[PDB]
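Taking the form deposited without the named molecule, here's one chain by itself in structure tokens.
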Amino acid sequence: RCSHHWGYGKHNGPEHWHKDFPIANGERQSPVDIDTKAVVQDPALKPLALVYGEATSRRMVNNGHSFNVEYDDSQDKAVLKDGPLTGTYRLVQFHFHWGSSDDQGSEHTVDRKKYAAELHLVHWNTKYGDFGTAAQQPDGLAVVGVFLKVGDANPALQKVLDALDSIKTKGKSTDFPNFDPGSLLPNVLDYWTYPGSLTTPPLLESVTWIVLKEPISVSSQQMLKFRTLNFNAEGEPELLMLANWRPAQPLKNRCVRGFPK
């Protein structure tokens, strides 16, 4: 399996995380609020390389604090190059973070504005040989973050939202083959990038954040689904996974870059 203690409740909420996970007050935490007014540009930035071509989806798994679509990362099937990055990151999995209401639920916020859910595409630098290892380096992981705003039903975000029923509780897994990750990527790829961390315990500060300025859409009828999901596991006391996002943290002495500007 894989247990789970922390969470998004009154006692286990992101508010207390700092306890078992001290770094939650680290000098590079995520998410953060991108203050467009202060965004900066770095001539050394390039356009996002999203080589999701050969990508091959495996299964979808409810890890008890979200649901995941896992890809085969033993080869460069699909990677992420250039952008603010240097090296090659292998996409290992993607997930989302919704809220208890359409009006909030995103970890990153642009000018304090929040969206329903926020998609997270997780890649790990190959120079470290494996996800685990890479996950402990200042530049081991890189996450491409796409927003989700209430609008029209998403054909793409449905093949996903479908299978959720077959993995409603913690631990369940569905064979979700032949799904294309790019299909959840907008068509415009301007992005914001800063040095952050994972937005969940262990909260390791080894993530490069590429947050795409252009949000993709989702029909409110779809957001209701994300909530159908269960926090507990087949047999525990049914607990709905309504909220599961970390509020924005201090940027500290960091600076969010922008591309093109």
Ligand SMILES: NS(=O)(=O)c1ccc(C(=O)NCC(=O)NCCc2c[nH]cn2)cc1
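Start at 1 and count along the sequence shown; that's the residue number.
Quick note: we don't show the form deposited with the named molecule bound, though the next part is all about it.
Site status: open, since the named molecule, placed here by C-alpha superposition from its pose in the entry with it bound, has no atom within 2.4 Å of backbone or C-beta atoms. Against the named molecule in the entry with it bound, the set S57, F67 and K172 makes no contact: no member has a heavy atom within 4.5 Å.
The partner is absent here; in the entry with it bound, the one residue of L85, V92, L161, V146 having a heavy atom within 4.5 Å of the named molecule is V92. Contact check for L185: every heavy atom lies farther than 4.5 Å from the named molecule in the entry with it bound.
Mapping the unseen interface onto this chain, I34 falls outside it, with no heavy atom inside 4.5 Å of the named molecule in the entry with it bound. Taking non-hydrogen atoms only, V122 approaches the named molecule to within 4.5 angstroms in the entry with it bound. When contacts are judged by a 4.5 Å heavy atom cut-off, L229 does not count as touching the named molecule in the entry with it bound. This chain is displayed without the named molecule, yet in the entry with it bound the stretch 95 to 103 from 146 to 154, 95 to 103, 172 to 180, 186 to 194 comes within 4.5 Å of it by heavy atoms.
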